[PDB]
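Structure file start.pdb with PDB, C-alpha atoms (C1' of nucleotides):
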```
MODEL        1
ATOM      1  CA  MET B   1      -9.359 -23.540-144.927  1.00  0.00           C
ATOM      2  CA  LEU B   2      -7.891 -25.513-147.861  1.00  0.00           C
ATOM      3  CA  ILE B   3     -10.535 -28.043-149.025  1.00  0.00           C
ATOM      4  CA  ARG B   4      -7.982 -30.282-150.671  1.00  0.00           C
ATOM      5  CA  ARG B   5      -5.930 -30.720-147.473  1.00  0.00           C
ATOM      6  CA  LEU B   6      -9.139 -31.715-145.757  1.00  0.00           C
ATOM      7  CA  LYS B   7      -9.848 -34.295-148.404  1.00  0.00           C
ATOM      8  CA  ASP B   8      -6.328 -35.839-148.361  1.00  0.00           C
ATOM      9  CA  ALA B   9      -6.187 -36.042-144.618  1.00  0.00           C
ATOM     10  CA  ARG B  10      -9.586 -37.647-144.393  1.00  0.00           C
ATOM     11  CA  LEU B  11      -8.811 -40.195-147.132  1.00  0.00           C
ATOM     12  CA  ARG B  12      -5.524 -41.231-145.528  1.00  0.00           C
ATOM     13  CA  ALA B  13      -7.579 -41.720-142.285  1.00  0.00           C
ATOM     14  CA  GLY B  14     -10.109 -43.929-144.087  1.00  0.00           C
ATOM     15  CA  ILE B  15     -13.355 -42.404-142.847  1.00  0.00           C
ATOM     16  CA  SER B  16     -16.423 -40.799-144.464  1.00  0.00           C
ATOM     17  CA  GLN B  17     -17.293 -37.126-144.306  1.00  0.00           C
ATOM     18  CA  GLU B  18     -20.156 -38.027-141.905  1.00  0.00           C
ATOM     19  CA  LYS B  19     -17.958 -40.109-139.690  1.00  0.00           C
ATOM     20  CA  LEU B  20     -15.331 -37.404-139.425  1.00  0.00           C
ATOM     21  CA  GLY B  21     -17.938 -34.876-138.165  1.00  0.00           C
ATOM     22  CA  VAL B  22     -19.453 -37.111-135.540  1.00  0.00           C
ATOM     23  CA  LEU B  23     -16.025 -37.932-134.092  1.00  0.00           C
ATOM     24  CA  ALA B  24     -15.186 -34.295-134.327  1.00  0.00           C
ATOM     25  CA  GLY B  25     -18.164 -33.575-132.094  1.00  0.00           C
ATOM     26  CA  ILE B  26     -20.744 -32.311-134.649  1.00  0.00           C
ATOM     27  CA  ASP B  27     -24.354 -33.296-133.973  1.00  0.00           C
ATOM     28  CA  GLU B  28     -25.488 -36.541-135.750  1.00  0.00           C
ATOM     29  CA  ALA B  29     -28.295 -34.675-137.510  1.00  0.00           C
ATOM     30  CA  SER B  30     -26.206 -32.026-139.316  1.00  0.00           C
ATOM     31  CA  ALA B  31     -22.847 -33.942-139.428  1.00  0.00           C
ATOM     32  CA  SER B  32     -23.073 -35.213-142.984  1.00  0.00           C
ATOM     33  CA  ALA B  33     -24.246 -31.921-144.479  1.00  0.00           C
ATOM     34  CA  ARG B  34     -21.704 -29.830-142.652  1.00  0.00           C
ATOM     35  CA  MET B  35     -18.687 -31.979-143.396  1.00  0.00           C
ATOM     36  CA  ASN B  36     -19.588 -32.029-147.061  1.00  0.00           C
ATOM     37  CA  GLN B  37     -20.014 -28.240-147.117  1.00  0.00           C
ATOM     38  CA  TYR B  38     -16.489 -27.775-145.733  1.00  0.00           C
ATOM     39  CA  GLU B  39     -15.015 -30.322-148.102  1.00  0.00           C
ATOM     40  CA  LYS B  40     -16.755 -28.794-151.178  1.00  0.00           C
ATOM     41  CA  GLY B  41     -15.737 -25.275-150.160  1.00  0.00           C
ATOM     42  CA  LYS B  42     -19.350 -24.162-149.820  1.00  0.00           C
ATOM     43  CA  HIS B  43     -18.632 -23.043-146.174  1.00  0.00           C
ATOM     44  CA  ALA B  44     -15.629 -22.661-143.898  1.00  0.00           C
ATOM     45  CA  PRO B  45     -15.490 -24.256-140.492  1.00  0.00           C
ATOM     46  CA  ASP B  46     -14.438 -22.040-137.665  1.00  0.00           C
ATOM     47  CA  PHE B  47     -11.077 -22.478-136.071  1.00  0.00           C
ATOM     48  CA  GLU B  48     -12.392 -24.440-133.010  1.00  0.00           C
ATOM     49  CA  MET B  49     -13.977 -26.998-135.247  1.00  0.00           C
ATOM     50  CA  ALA B  50     -10.846 -27.107-137.386  1.00  0.00           C
ATOM     51  CA  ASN B  51      -8.848 -28.148-134.338  1.00  0.00           C
ATOM     52  CA  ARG B  52     -11.381 -30.798-133.471  1.00  0.00           C
ATOM     53  CA  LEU B  53     -11.128 -32.176-137.019  1.00  0.00           C
ATOM     54  CA  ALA B  54      -7.378 -32.120-136.958  1.00  0.00           C
ATOM     55  CA  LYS B  55      -7.393 -34.080-133.732  1.00  0.00           C
ATOM     56  CA  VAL B  56      -9.509 -36.856-135.282  1.00  0.00           C
ATOM     57  CA  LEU B  57      -7.385 -36.836-138.395  1.00  0.00           C
ATOM     58  CA  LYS B  58      -4.119 -37.057-136.388  1.00  0.00           C
ATOM     59  CA  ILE B  59      -2.552 -34.021-138.121  1.00  0.00           C
ATOM     60  CA  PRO B  60      -1.483 -30.561-136.929  1.00  0.00           C
ATOM     61  CA  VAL B  61      -4.344 -28.167-137.531  1.00  0.00           C
ATOM     62  CA  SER B  62      -2.182 -25.747-139.596  1.00  0.00           C
ATOM     63  CA  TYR B  63      -1.658 -28.362-142.292  1.00  0.00           C
ATOM     64  CA  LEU B  64      -5.278 -27.516-143.225  1.00  0.00           C
ATOM     65  CA  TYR B  65      -4.219 -23.883-143.858  1.00  0.00           C
ATOM     66  CA  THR B  66      -0.933 -24.574-145.596  1.00  0.00           C
ATOM     67  CA  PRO B  67      -0.983 -23.808-149.365  1.00  0.00           C
ATOM     68  CA  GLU B  68       2.729 -24.503-149.846  1.00  0.00           C
ATOM     69  CA  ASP B  69       2.949 -28.147-150.881  1.00  0.00           C
ATOM     70  CA  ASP B  70       6.532 -28.507-149.667  1.00  0.00           C
ATOM     71  CA  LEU B  71       5.740 -26.890-146.292  1.00  0.00           C
ATOM     72  CA  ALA B  72       2.559 -28.957-145.833  1.00  0.00           C
ATOM     73  CA  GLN B  73       4.630 -32.102-146.168  1.00  0.00           C
ATOM     74  CA  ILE B  74       7.192 -30.858-143.573  1.00  0.00           C
ATOM     75  CA  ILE B  75       4.312 -30.243-141.126  1.00  0.00           C
ATOM     76  CA  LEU B  76       2.815 -33.652-141.759  1.00  0.00           C
ATOM     77  CA  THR B  77       6.238 -35.231-141.113  1.00  0.00           C
ATOM     78  CA  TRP B  78       7.255 -33.035-138.148  1.00  0.00           C
ATOM     79  CA  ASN B  79       4.104 -34.394-136.609  1.00  0.00           C
ATOM     80  CA  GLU B  80       5.478 -37.955-136.621  1.00  0.00           C
ATOM     81  CA  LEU B  81       9.058 -37.393-135.609  1.00  0.00           C
ATOM     82  CA  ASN B  82      10.138 -38.944-132.352  1.00  0.00           C
ATOM     83  CA  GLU B  83      11.773 -37.274-129.328  1.00  0.00           C
ATOM     84  CA  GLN B  84      15.319 -37.231-130.826  1.00  0.00           C
ATOM     85  CA  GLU B  85      14.277 -36.380-134.383  1.00  0.00           C
ATOM     86  CA  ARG B  86      12.553 -33.151-133.220  1.00  0.00           C
ATOM     87  CA  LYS B  87      15.301 -32.189-130.739  1.00  0.00           C
ATOM     88  CA  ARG B  88      17.578 -32.300-133.826  1.00  0.00           C
ATOM     89  CA  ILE B  89      15.468 -29.915-135.879  1.00  0.00           C
ATOM     90  CA  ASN B  90      15.067 -27.537-132.852  1.00  0.00           C
ATOM     91  CA  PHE B  91      18.838 -26.923-132.331  1.00  0.00           C
ATOM     92  CA  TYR B  92      18.801 -26.547-136.184  1.00  0.00           C
ATOM     93  CA  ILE B  93      16.296 -23.645-136.019  1.00  0.00           C
ATOM     94  CA  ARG B  94      18.007 -21.940-132.999  1.00  0.00           C
TER      95      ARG B  94
ATOM     96  CA  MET T   1      -6.833 -17.699-136.399  1.00  0.00           C
ATOM     97  CA  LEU T   2      -4.513 -17.213-133.421  1.00  0.00           C
ATOM     98  CA  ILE T   3      -4.668 -13.573-132.334  1.00  0.00           C
ATOM     99  CA  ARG T   4      -1.360 -13.853-130.526  1.00  0.00           C
ATOM    100  CA  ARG T   5       0.264 -14.932-133.776  1.00  0.00           C
ATOM    101  CA  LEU T   6      -1.225 -12.017-135.591  1.00  0.00           C
ATOM    102  CA  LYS T   7      -0.083  -9.633-132.972  1.00  0.00           C
ATOM    103  CA  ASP T   8       3.512 -10.919-132.834  1.00  0.00           C
ATOM    104  CA  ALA T   9       3.865 -10.869-136.627  1.00  0.00           C
ATOM    105  CA  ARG T  10       2.501  -7.293-136.893  1.00  0.00           C
ATOM    106  CA  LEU T  11       4.777  -6.043-134.145  1.00  0.00           C
ATOM    107  CA  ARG T  12       7.807  -7.523-135.909  1.00  0.00           C
ATOM    108  CA  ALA T  13       6.715  -5.832-139.143  1.00  0.00           C
ATOM    109  CA  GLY T  14       6.789  -2.605-137.120  1.00  0.00           C
ATOM    110  CA  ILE T  15       3.434  -1.364-138.424  1.00  0.00           C
ATOM    111  CA  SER T  16       0.064  -0.213-137.066  1.00  0.00           C
ATOM    112  CA  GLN T  17      -3.077  -2.270-136.987  1.00  0.00           C
ATOM    113  CA  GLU T  18      -4.453   0.290-139.373  1.00  0.00           C
ATOM    114  CA  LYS T  19      -1.651   0.409-141.919  1.00  0.00           C
ATOM    115  CA  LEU T  20      -1.714  -3.401-141.929  1.00  0.00           C
ATOM    116  CA  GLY T  21      -5.395  -3.457-142.983  1.00  0.00           C
ATOM    117  CA  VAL T  22      -4.842  -0.755-145.579  1.00  0.00           C
ATOM    118  CA  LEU T  23      -1.837  -2.503-147.149  1.00  0.00           C
ATOM    119  CA  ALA T  24      -3.841  -5.713-146.938  1.00  0.00           C
ATOM    120  CA  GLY T  25      -6.632  -4.206-149.039  1.00  0.00           C
ATOM    121  CA  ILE T  26      -9.101  -3.153-146.359  1.00  0.00           C
ATOM    122  CA  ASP T  27     -10.604   0.249-147.104  1.00  0.00           C
ATOM    123  CA  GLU T  28      -9.166   3.195-145.162  1.00  0.00           C
ATOM    124  CA  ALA T  29     -12.496   3.963-143.543  1.00  0.00           C
ATOM    125  CA  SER T  30     -12.795   0.601-141.700  1.00  0.00           C
ATOM    126  CA  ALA T  31      -9.176  -0.745-141.633  1.00  0.00           C
ATOM    127  CA  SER T  32      -8.562   0.311-138.020  1.00  0.00           C
ATOM    128  CA  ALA T  33     -11.780  -1.151-136.633  1.00  0.00           C
ATOM    129  CA  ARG T  34     -11.403  -4.379-138.505  1.00  0.00           C
ATOM    130  CA  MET T  35      -7.765  -4.979-137.748  1.00  0.00           C
ATOM    131  CA  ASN T  36      -8.419  -4.297-134.099  1.00  0.00           C
ATOM    132  CA  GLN T  37     -11.305  -6.687-133.978  1.00  0.00           C
ATOM    133  CA  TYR T  38      -9.065  -9.373-135.430  1.00  0.00           C
ATOM    134  CA  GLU T  39      -6.270  -8.723-133.018  1.00  0.00           C
ATOM    135  CA  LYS T  40      -8.613  -8.658-129.956  1.00  0.00           C
ATOM    136  CA  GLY T  41     -10.405 -11.750-131.259  1.00  0.00           C
ATOM    137  CA  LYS T  42     -13.842 -10.152-131.591  1.00  0.00           C
ATOM    138  CA  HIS T  43     -14.189 -11.648-135.031  1.00  0.00           C
ATOM    139  CA  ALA T  44     -11.966 -13.769-137.242  1.00  0.00           C
ATOM    140  CA  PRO T  45     -11.002 -12.895-140.789  1.00  0.00           C
ATOM    141  CA  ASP T  46     -11.812 -15.344-143.518  1.00  0.00           C
ATOM    142  CA  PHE T  47      -8.992 -17.302-145.096  1.00  0.00           C
ATOM    143  CA  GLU T  48      -8.704 -15.004-148.134  1.00  0.00           C
ATOM    144  CA  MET T  49      -8.098 -12.028-145.737  1.00  0.00           C
ATOM    145  CA  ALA T  50      -5.685 -14.140-143.724  1.00  0.00           C
ATOM    146  CA  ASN T  51      -3.681 -14.799-146.878  1.00  0.00           C
ATOM    147  CA  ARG T  52      -3.672 -11.104-147.703  1.00  0.00           C
ATOM    148  CA  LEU T  53      -2.548 -10.215-144.179  1.00  0.00           C
ATOM    149  CA  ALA T  54       0.276 -12.780-144.440  1.00  0.00           C
ATOM    150  CA  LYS T  55       1.695 -11.509-147.693  1.00  0.00           C
ATOM    151  CA  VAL T  56       1.972  -8.035-146.148  1.00  0.00           C
ATOM    152  CA  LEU T  57       3.539  -9.428-142.991  1.00  0.00           C
ATOM    153  CA  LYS T  58       6.072 -11.400-145.111  1.00  0.00           C
ATOM    154  CA  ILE T  59       5.144 -14.775-143.416  1.00  0.00           C
ATOM    155  CA  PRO T  60       3.487 -18.122-144.421  1.00  0.00           C
ATOM    156  CA  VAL T  61      -0.221 -18.034-143.820  1.00  0.00           C
ATOM    157  CA  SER T  62      -0.015 -21.358-141.752  1.00  0.00           C
ATOM    158  CA  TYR T  63       1.811 -19.373-139.096  1.00  0.00           C
ATOM    159  CA  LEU T  64      -1.404 -17.579-138.206  1.00  0.00           C
ATOM    160  CA  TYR T  65      -3.128 -20.906-137.732  1.00  0.00           C
ATOM    161  CA  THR T  66      -0.459 -22.866-135.809  1.00  0.00           C
ATOM    162  CA  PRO T  67      -1.036 -23.313-132.014  1.00  0.00           C
ATOM    163  CA  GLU T  68       2.234 -25.278-131.339  1.00  0.00           C
ATOM    164  CA  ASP T  69       4.980 -22.826-130.436  1.00  0.00           C
ATOM    165  CA  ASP T  70       7.808 -25.039-131.654  1.00  0.00           C
ATOM    166  CA  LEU T  71       6.079 -25.723-135.022  1.00  0.00           C
ATOM    167  CA  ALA T  72       5.279 -22.013-135.412  1.00  0.00           C
ATOM    168  CA  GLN T  73       8.996 -21.267-135.081  1.00  0.00           C
ATOM    169  CA  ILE T  74       9.875 -23.940-137.662  1.00  0.00           C
ATOM    170  CA  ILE T  75       7.417 -22.372-140.054  1.00  0.00           C
ATOM    171  CA  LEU T  76       8.764 -18.911-139.372  1.00  0.00           C
ATOM    172  CA  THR T  77      12.307 -20.076-139.809  1.00  0.00           C
ATOM    173  CA  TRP T  78      11.667 -22.135-142.986  1.00  0.00           C
ATOM    174  CA  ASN T  79      10.271 -18.941-144.470  1.00  0.00           C
ATOM    175  CA  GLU T  80      13.715 -17.300-144.287  1.00  0.00           C
ATOM    176  CA  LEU T  81      15.322 -20.092-146.384  1.00  0.00           C
ATOM    177  CA  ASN T  82      16.471 -19.881-149.977  1.00  0.00           C
ATOM    178  CA  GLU T  83      15.374 -22.094-152.878  1.00  0.00           C
ATOM    179  CA  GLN T  84      18.445 -24.351-152.359  1.00  0.00           C
ATOM    180  CA  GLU T  85      18.201 -24.463-148.540  1.00  0.00           C
ATOM    181  CA  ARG T  86      14.641 -25.707-149.151  1.00  0.00           C
ATOM    182  CA  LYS T  87      15.774 -28.435-151.569  1.00  0.00           C
ATOM    183  CA  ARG T  88      18.073 -29.547-148.739  1.00  0.00           C
ATOM    184  CA  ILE T  89      15.107 -30.009-146.404  1.00  0.00           C
ATOM    185  CA  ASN T  90      12.609 -31.431-148.979  1.00  0.00           C
ATOM    186  CA  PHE T  91      14.964 -34.391-149.683  1.00  0.00           C
ATOM    187  CA  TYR T  92      15.483 -35.101-145.946  1.00  0.00           C
ATOM    188  CA  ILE T  93      11.681 -35.361-145.835  1.00  0.00           C
ATOM    189  CA  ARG T  94      11.205 -37.526-149.002  1.00  0.00           C
TER     190      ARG T  94
ATOM    191  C1'  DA Z   1      -1.372   8.209-135.086  1.00  0.00           C
ATOM    192  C1'  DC Z   2      -2.698   4.642-132.422  1.00  0.00           C
ATOM    193  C1'  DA Z   3      -5.620   1.329-129.879  1.00  0.00           C
ATOM    194  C1'  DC Z   4     -10.155   0.287-129.235  1.00  0.00           C
ATOM    195  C1'  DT Z   5     -15.698  -0.762-128.928  1.00  0.00           C
ATOM    196  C1'  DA Z   6     -21.176  -1.009-129.526  1.00  0.00           C
ATOM    197  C1'  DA Z   7     -24.795  -1.456-132.878  1.00  0.00           C
ATOM    198  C1'  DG Z   8     -27.237  -3.057-136.722  1.00  0.00           C
ATOM    199  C1'  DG Z   9     -27.519  -4.183-141.451  1.00  0.00           C
ATOM    200  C1'  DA Z  10     -24.647  -7.402-144.452  1.00  0.00           C
ATOM    201  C1'  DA Z  11     -23.138 -11.771-145.092  1.00  0.00           C
ATOM    202  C1'  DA Z  12     -21.791 -16.320-143.839  1.00  0.00           C
ATOM    203  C1'  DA Z  13     -22.510 -20.648-141.323  1.00  0.00           C
ATOM    204  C1'  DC Z  14     -25.787 -24.102-139.474  1.00  0.00           C
ATOM    205  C1'  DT Z  15     -29.938 -26.952-139.886  1.00  0.00           C
ATOM    206  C1'  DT Z  16     -33.517 -29.616-142.449  1.00  0.00           C
ATOM    207  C1'  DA Z  17     -35.054 -32.460-145.606  1.00  0.00           C
ATOM    208  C1'  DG Z  18     -34.022 -34.246-148.925  1.00  0.00           C
ATOM    209  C1'  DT Z  19     -31.811 -36.461-154.013  1.00  0.00           C
ATOM    210  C1'  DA Z  20     -28.192 -39.062-156.749  1.00  0.00           C
ATOM    211  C1'  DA Z  21     -24.456 -42.565-157.688  1.00  0.00           C
TER     212       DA Z  21
ATOM    213  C1'  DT S   1     -23.799 -46.115-147.665  1.00  0.00           C
ATOM    214  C1'  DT S   2     -21.603 -42.003-149.137  1.00  0.00           C
ATOM    215  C1'  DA S   3     -21.592 -37.914-151.329  1.00  0.00           C
ATOM    216  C1'  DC S   4     -23.927 -34.024-152.177  1.00  0.00           C
ATOM    217  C1'  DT S   5     -27.368 -29.728-152.300  1.00  0.00           C
ATOM    218  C1'  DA S   6     -31.199 -25.937-151.841  1.00  0.00           C
ATOM    219  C1'  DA S   7     -33.656 -23.110-148.808  1.00  0.00           C
ATOM    220  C1'  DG S   8     -34.790 -21.813-144.263  1.00  0.00           C
ATOM    221  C1'  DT S   9     -32.914 -20.269-139.734  1.00  0.00           C
ATOM    222  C1'  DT S  10     -29.562 -18.657-136.684  1.00  0.00           C
ATOM    223  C1'  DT S  11     -24.910 -16.805-136.007  1.00  0.00           C
ATOM    224  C1'  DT S  12     -21.011 -14.010-136.971  1.00  0.00           C
ATOM    225  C1'  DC S  13     -18.916 -10.246-139.447  1.00  0.00           C
ATOM    226  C1'  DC S  14     -18.130  -5.430-141.848  1.00  0.00           C
ATOM    227  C1'  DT S  15     -19.143  -0.822-141.578  1.00  0.00           C
ATOM    228  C1'  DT S  16     -20.305   3.087-139.297  1.00  0.00           C
ATOM    229  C1'  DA S  17     -19.699   6.050-135.778  1.00  0.00           C
ATOM    230  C1'  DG S  18     -18.019   7.132-132.181  1.00  0.00           C
ATOM    231  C1'  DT S  19     -14.435   6.415-127.392  1.00  0.00           C
ATOM    232  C1'  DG S  20      -9.798   7.404-125.287  1.00  0.00           C
ATOM    233  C1'  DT S  21      -4.645   7.574-125.286  1.00  0.00           C
TER     234       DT S  21
ENDMDL
END
```
Rewrite the coordinates I just gave you, this time as structure tokens.
Amino acid sequence: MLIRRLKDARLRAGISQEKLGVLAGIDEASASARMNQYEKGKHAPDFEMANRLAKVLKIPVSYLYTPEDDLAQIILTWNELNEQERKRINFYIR
Amino acid sequence: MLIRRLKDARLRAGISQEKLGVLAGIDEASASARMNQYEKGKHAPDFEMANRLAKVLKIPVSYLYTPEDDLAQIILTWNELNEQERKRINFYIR
DNA sequence: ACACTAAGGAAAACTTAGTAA
DNA sequence: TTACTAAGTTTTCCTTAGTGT
């Protein structure tokens, strides 16, 4: 998991490391420590948790694993497109 | 990491679980076991190994971590674009 | 060649109990 | 409050050594 994507998504959201964990379902006791470990690259969360974090952060989970700056932006933006906007890009791909 | 995504990518590369591990840097002696365990979802590779696996499979590492089928395709398809075709999309998104 | 699995040491994540701006 | 960390504990993985096609 890319620590910097985790930091940018959390900052845009406006919540602490501890808050993020609790909402993401991590136990109050270890929430603060764990969320800091992931954000400092000391440990990696597992994919389940990653999804849970993504859900709180209102981003697609794969943004967290996207190194390509240009692609990460596309994902972040695809996420917010409305019904027509996406239907446009779909015909585009196929 | 989504095992189904790993499997589909490998099959399109037209290579064995083993060869994949070998080319991805896993030692010959364990490459088969490991790559199978990943593909059956017994254990998940760490991100570094994911990245290695992706370079060999000629795909963006996000693909392995994207549960949405329509976003996965977008990622896969963006991958096939040239430097200019990508400037064309990056401006649409800025 | 190719897909696959149990077991147990190797290694990584999780928990606790904190400190530091 | 929020960020951060070491050390202990528990969990998951990598390697070995086989299975079967």
With a cut-off of 12 Å and counting only C-alpha atoms (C1' of nucleotides), select all residues of chain S in contact with chain T and give the selection as a PDB file with C-alpha atoms (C1' of nucleotides), in the coordinates of the input.
```pdb
ATOM      1  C1'  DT S  11     -24.910 -16.805-136.007  1.00  0.00           C
ATOM      2  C1'  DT S  12     -21.011 -14.010-136.971  1.00  0.00           C
ATOM      3  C1'  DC S  13     -18.916 -10.246-139.447  1.00  0.00           C
ATOM      4  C1'  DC S  14     -18.130  -5.430-141.848  1.00  0.00           C
ATOM      5  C1'  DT S  15     -19.143  -0.822-141.578  1.00  0.00           C
ATOM      6  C1'  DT S  16     -20.305   3.087-139.297  1.00  0.00           C
ATOM      7  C1'  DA S  17     -19.699   6.050-135.778  1.00  0.00           C
ATOM      8  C1'  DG S  18     -18.019   7.132-132.181  1.00  0.00           C
TER       9       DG S  18
END
```
Would you tabulate, counting all atoms listed in the file, all residues of chain T that have an atom at most 12 Å from an atom of chain Z, showing the closest pair of atoms and their distance in Å to one decimal, sorted by chain then ascending number, as a tab-separated table?
```
residue	atom	partner	partner_atom	distance
T:15	CA	Z:2	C1'	10.5
T:16	CA	Z:2	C1'	7.3
T:17	CA	Z:2	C1'	8.3
T:18	CA	Z:2	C1'	8.4
T:19	CA	Z:1	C1'	10.4
T:32	CA	Z:3	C1'	8.7
T:33	CA	Z:4	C1'	7.7
T:34	CA	Z:4	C1'	10.5
T:35	CA	Z:4	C1'	10.3
T:36	CA	Z:4	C1'	6.9
T:37	CA	Z:4	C1'	8.5
T:38	CA	Z:4	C1'	11.5
T:39	CA	Z:4	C1'	10.5
T:40	CA	Z:4	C1'	9.1
T:42	CA	Z:5	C1'	9.9
T:45	CA	Z:12	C1'	11.7
T:46	CA	Z:12	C1'	10.0
```
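The spacing separating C1' of residue 7 (chain S) from CA of residue 53 (chain B) amounts to 27.0 Å.
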TODO: Have a look at CA of residue 12 (chain T) and CA of residue 79 (chain T) and let me know their distance in Å, one decimal.
DONE: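 We find that CA of residue 12 (chain T) and CA of residue 79 (chain T) lie 14.5 Å from each other.
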Open item on the list: Between CA of residue 76 (chain T) and CA of residue 50 (chain T), what is the distance in Å, rounded to a tenth?
Closed with: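 Taking CA of residue 76 (chain T) as the start and CA of residue 50 (chain T) as the end point, the length is 15.8 Å.
With all atoms listed in the file as the basis for measurement, T:65 is the residue among T:65, T:91, T:25, T:84 that approaches chain B most closely.
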TODO: I would like the residues chosen by the PyMOL selection byres ((chain T) within 7 of (chain B)) on the shown file; could you give them as a ChimeraX atom specification?
DONE: /T:1,47,61-62,65-66,74,77,90,93
